[PDB]
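Enquirer: Here it is, the structure, as structure tokens.
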Amino acid sequence: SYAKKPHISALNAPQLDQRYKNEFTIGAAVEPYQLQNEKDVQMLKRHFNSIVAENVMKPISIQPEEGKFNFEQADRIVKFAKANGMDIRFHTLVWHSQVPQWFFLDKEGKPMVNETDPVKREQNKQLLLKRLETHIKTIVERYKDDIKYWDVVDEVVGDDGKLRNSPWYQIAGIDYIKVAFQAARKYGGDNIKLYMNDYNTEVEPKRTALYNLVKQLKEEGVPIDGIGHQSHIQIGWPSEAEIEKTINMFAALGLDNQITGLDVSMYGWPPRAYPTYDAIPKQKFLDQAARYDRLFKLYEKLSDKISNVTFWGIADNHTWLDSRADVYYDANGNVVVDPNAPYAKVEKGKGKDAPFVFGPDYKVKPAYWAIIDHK
Ligand SMILES: [Cl-]
Ligand SMILES: [Cl-]
Ligand SMILES: [Zn+2]
Ligand SMILES: [Zn+2]
Ligand SMILES: [Zn+2]
Ligand SMILES: [Zn+2]
Ligand SMILES: [Zn+2]
Ligand SMILES: [Zn+2]
Ligand SMILES: [Zn+2]
């Protein structure tokens, strides 16, 4: 939406959170160093009223060795949010990636997944669940008064629609999910809100598997308050109709919905990225702006079912999507971005994506104008 609207500094632009303040909070994912950068601080103060840590609250960042808790980085994000009246989301108590390996070693130091004795396997289950409870207990006892929203587990359902067969599941079975939510509620009390977070929540068979899993857990009294939809999406996928169907499906269970990691990639999958920001054609930003226009129109339509929309970053100069921005080169060394076209080599993660409404120079994109207006 719209091109005659100018490329002005985002620090001079109408505030994004204020535009949406009766519909949902507007969040950004951050690293501690961005809180030491004048531009990023001014962006967070101007446009956002919710915050989450990109990385410093993940299990391996918090407890890299058993008994060694590293809260200093997480504390800095909590401090900044309190000083600026921001909601905080905790990402994340449990995840199969970025996972300290000590969790899954038995008393003899051997991988628990390798045990064959059923009596010893049950001992490893109880030991892993005890470690899980202590991890969650320590974090929630520190932050329960400060952090309202918790990703209790991330990505526990596989893309094949079965439970993800991570070491958590191999060793402890489904109970690791139940234990995590129960521990968060026990040590955090009734006022913190507990979420199951995942990507491709719109895609079958994952969508209905997520639905059935959460429905069953709530029937058994496991405290789950909502679903986090990571929403790592593309310009043309998934459809707005399928997003709407997903959000309604989970709201029908009585669950809150949060959009927890929104980015709108310029590319498909696997991505064939441009090598630099400057090489991305202007038309891509117009296509992106129209996608954002439709997306936030839908979020507003469903505002009674969505409490928060968080972007997985601040401005286009920093996005984890760049780690996926593979650049394909033909035999003559020219960039290939056509997903079917011939090519000779790929430089993995060397390109540039552009997923936000704010450009890498902190000036507003067409996508910003598309979601700040009321059309
Ligand atoms: Cl990143
Ligand atoms: Cl620019
Ligand atoms: Zn308004
Ligand atoms: Zn504000
Ligand atoms: Zn450049
Ligand atoms: Zn709402
Ligand atoms: Zn980052
Ligand atoms: Zn610019
Ligand atoms: Zn609009």
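By convention in this document, the chains of the structure tokens carry letters A, B, ... by their order, each chain's residues are numbered from 1, and ligands are numbered from 1 in the order they are shown.
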I want to know what sits within 9 Å of residue 124 (chain A), based on only C-alpha atoms, with residues of the same chain fewer than 5 positions away left out; could you give that as a PDB file with C-alpha atoms, in the first residue's frame?

Expert:
ATOM      1  CA  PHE A 104      20.330 -35.768  28.737  1.00  0.00           C
ATOM      2  CA  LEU A 105      23.343 -37.525  30.314  1.00  0.00           C
ATOM      3  CA  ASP A 106      22.732 -40.309  32.823  1.00  0.00           C
ATOM      4  CA  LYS A 107      24.424 -40.653  36.213  1.00  0.00           C
ATOM      5  CA  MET A 112      20.176 -41.303  28.144  1.00  0.00           C
ATOM      6  CA  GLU A 115      19.785 -46.908  27.590  1.00  0.00           C
ATOM      7  CA  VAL A 119      14.117 -49.900  34.780  1.00  0.00           C
ATOM      8  CA  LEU A 129      12.019 -34.398  34.614  1.00  0.00           C
ATOM      9  CA  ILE A 171      13.632 -40.006  27.220  1.00  0.00           C
ATOM     10  CA  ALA A 172      10.536 -38.710  29.015  1.00  0.00           C
TER      11      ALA A 172
END

Enquirer: Against ligand 4, which residues of chain A fall within 6 Å? For each one I want the closest pair of atoms and the distance in Å (one decimal), counting only C-alpha atoms and all ligand atoms, rows by chain and increasing residue number, as a tab-separated table.

Expert:
residue	atom	partner	partner_atom_place_in_ligand_line	distance
A:17	CA	ligand 4	1 (Zn)	5.6
A:46	CA	ligand 4	1 (Zn)	5.7
A:47	CA	ligand 4	1 (Zn)	5.7
A:48	CA	ligand 4	1 (Zn)	5.5
A:49	CA	ligand 4	1 (Zn)	5.2

Enquirer: List every residue of chain A that has an atom at most 12 Å from any atom of ligand 8, giving for each one its closest atom pair and the distance in Å to one decimal, counting only C-alpha atoms and all ligand atoms, sorted by chain and then by ascending residue number, as JSON lines.

Expert:
{"residue": "A:6", "atom": "CA", "partner": "ligand 8", "partner_atom_place_in_ligand_line": "1 (Zn)", "distance": 10.3}
{"residue": "A:7", "atom": "CA", "partner": "ligand 8", "partner_atom_place_in_ligand_line": "1 (Zn)", "distance": 6.6}
{"residue": "A:8", "atom": "CA", "partner": "ligand 8", "partner_atom_place_in_ligand_line": "1 (Zn)", "distance": 8.4}
{"residue": "A:9", "atom": "CA", "partner": "ligand 8", "partner_atom_place_in_ligand_line": "1 (Zn)", "distance": 8.7}
{"residue": "A:10", "atom": "CA", "partner": "ligand 8", "partner_atom_place_in_ligand_line": "1 (Zn)", "distance": 10.6}
{"residue": "A:277", "atom": "CA", "partner": "ligand 8", "partner_atom_place_in_ligand_line": "1 (Zn)", "distance": 10.1}
{"residue": "A:278", "atom": "CA", "partner": "ligand 8", "partner_atom_place_in_ligand_line": "1 (Zn)", "distance": 9.5}
{"residue": "A:282", "atom": "CA", "partner": "ligand 8", "partner_atom_place_in_ligand_line": "1 (Zn)", "distance": 11.5}
{"residue": "A:285", "atom": "CA", "partner": "ligand 8", "partner_atom_place_in_ligand_line": "1 (Zn)", "distance": 12.0}
{"residue": "A:315", "atom": "CA", "partner": "ligand 8", "partner_atom_place_in_ligand_line": "1 (Zn)", "distance": 11.3}
{"residue": "A:316", "atom": "CA", "partner": "ligand 8", "partner_atom_place_in_ligand_line": "1 (Zn)", "distance": 10.3}
{"residue": "A:317", "atom": "CA", "partner": "ligand 8", "partner_atom_place_in_ligand_line": "1 (Zn)", "distance": 10.9}
{"residue": "A:354", "atom": "CA", "partner": "ligand 8", "partner_atom_place_in_ligand_line": "1 (Zn)", "distance": 11.9}
{"residue": "A:357", "atom": "CA", "partner": "ligand 8", "partner_atom_place_in_ligand_line": "1 (Zn)", "distance": 11.8}
{"residue": "A:358", "atom": "CA", "partner": "ligand 8", "partner_atom_place_in_ligand_line": "1 (Zn)", "distance": 9.1}
{"residue": "A:359", "atom": "CA", "partner": "ligand 8", "partner_atom_place_in_ligand_line": "1 (Zn)", "distance": 6.1}
{"residue": "A:360", "atom": "CA", "partner": "ligand 8", "partner_atom_place_in_ligand_line": "1 (Zn)", "distance": 6.9}
{"residue": "A:361", "atom": "CA", "partner": "ligand 8", "partner_atom_place_in_ligand_line": "1 (Zn)", "distance": 5.3}
{"residue": "A:362", "atom": "CA", "partner": "ligand 8", "partner_atom_place_in_ligand_line": "1 (Zn)", "distance": 7.4}
{"residue": "A:363", "atom": "CA", "partner": "ligand 8", "partner_atom_place_in_ligand_line": "1 (Zn)", "distance": 5.7}
{"residue": "A:364", "atom": "CA", "partner": "ligand 8", "partner_atom_place_in_ligand_line": "1 (Zn)", "distance": 7.9}
{"residue": "A:365", "atom": "CA", "partner": "ligand 8", "partner_atom_place_in_ligand_line": "1 (Zn)", "distance": 8.1}
{"residue": "A:366", "atom": "CA", "partner": "ligand 8", "partner_atom_place_in_ligand_line": "1 (Zn)", "distance": 11.0}

Enquirer: Residues near region 231-233 of chain A, anyone? I mean within 12 Å using only C-alpha atoms, not counting same-chain ones fewer than 3 positions away, as a ChimeraX atom specification.

Expert: /A:197-203,227-228,236-240,243,246-247,257-269,271,288,291-292,295,309-313,319-321,324,355-356

Enquirer: Find the spatial neighbours of residue 84 (chain A), counting only C-alpha atoms, within a cut-off of 9 Å - ignore same-chain residues fewer than 3 positions away - and output them as a PDB file with C-alpha atoms, in the first residue's frame.

Expert:
ATOM      1  CA  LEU A  44      11.832   0.369  21.133  1.00  0.00           C
ATOM      2  CA  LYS A  45      10.679   3.410  23.119  1.00  0.00           C
ATOM      3  CA  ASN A  49       5.133  -1.945  24.088  1.00  0.00           C
ATOM      4  CA  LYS A  79      15.198  -3.956  33.386  1.00  0.00           C
ATOM      5  CA  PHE A  80      14.707  -2.049  30.115  1.00  0.00           C
ATOM      6  CA  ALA A  81      11.139  -3.283  29.705  1.00  0.00           C
TER       7      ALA A  81
END

Enquirer: Rounded to one decimal, what separation in Å do you get between CA of residue 297 (chain A) and CA of residue 20 (chain A)?

Expert: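 The value is 11.1 Å.
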
Enquirer: Measuring atom to atom with only C-alpha atoms, identify which of A:35, A:210, A:94, A:26 is nearest to residue 61 (chain A).

Expert: A:94

Enquirer: Report the distance between CA of residue 76 (chain A) and CA of residue 100 (chain A) in Å, rounded to one decimal place.

Expert: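 So the two atoms, CA of residue 76 (chain A) and CA of residue 100 (chain A), lie 22.3 Å apart.
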
Enquirer: Which is closest to ligand 9 among A:54, A:318, A:19, A:352, if we use only C-alpha atoms and all ligand atoms?

Expert: A:19

Enquirer: If the limit is 9 Å from any atom of ligand 3, counting only C-alpha atoms and all ligand atoms, which residues qualify? Return them as a list in words.

Expert: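 Going residue by residue within 9 Å of ligand 3, we get residues 18, 19, 20, 21, 22, 372, 373 and 374 of chain A.
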
Enquirer: Can you work out the spacing between CA of residue 206 (chain A) and CA of residue 156 (chain A) in Å, to one decimal?

Expert: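 The value is 10.3 Å.
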
Enquirer: Using only C-alpha atoms and all ligand atoms, find each residue in chain A having at least one atom no more than 8 Å away from ligand 6; report its shortest atom-to-atom pair and that distance in Å (one decimal), rows by chain then rising number, as a Markdown table.

Expert:
| residue | atom | partner | partner_atom_place_in_ligand_line | distance |
| --- | --- | --- | --- | --- |
| A:22 | CA | ligand 6 | 1 (Zn) | 6.8 |
| A:23 | CA | ligand 6 | 1 (Zn) | 4.4 |
| A:24 | CA | ligand 6 | 1 (Zn) | 4.4 |
| A:25 | CA | ligand 6 | 1 (Zn) | 7.8 |
| A:302 | CA | ligand 6 | 1 (Zn) | 7.6 |
| A:303 | CA | ligand 6 | 1 (Zn) | 4.2 |
| A:304 | CA | ligand 6 | 1 (Zn) | 4.5 |
| A:305 | CA | ligand 6 | 1 (Zn) | 5.8 |
| A:306 | CA | ligand 6 | 1 (Zn) | 4.5 |
| A:307 | CA | ligand 6 | 1 (Zn) | 4.1 |
| A:308 | CA | ligand 6 | 1 (Zn) | 6.9 |

Enquirer: Identify, on the basis of only C-alpha atoms, every residue whose closest approach to region 142-149 of chain A does not exceed 9 Å; exclude the query and any residue fewer than 3 positions from it along the same chain; express the result as a list in words.

Expert: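 These residues fall inside the cut-off: residues 78, 82, 87, 88, 89, 90, 137, 138, 139, 187, 188, 189, 191, 192, 193, 194 and 195 of chain A.
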
Enquirer: Could you go through region 146-279 of chain A and tell me which residues DSSP, when run on the backbone, assigns to alpha helix (DSSP H), listing them as a count of residues only?

Expert: 46

Enquirer: Measuring atom to atom with only C-alpha atoms and all ligand atoms, identify which of A:327, A:279, A:235, A:371 is nearest to ligand 2.

Expert: A:279

Enquirer: Go through A:225, A:314, A:219, A:345 one by one, measure the shortest atom-to-atom distance of each to residue 27 (chain A) using only C-alpha atoms, and give the residue with the smallest value.

Expert: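 With only C-alpha atoms as the atom set, the closest residue is A:314.
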
Enquirer: If you count only C-alpha atoms, which residues fall within 12 Å of residue 179 (chain A), apart from same-chain ones fewer than 3 positions away, as a ChimeraX atom specification?

Expert: /A:93-94,125-126,128-137,152-153,168,172-176,182-186,217,221-224
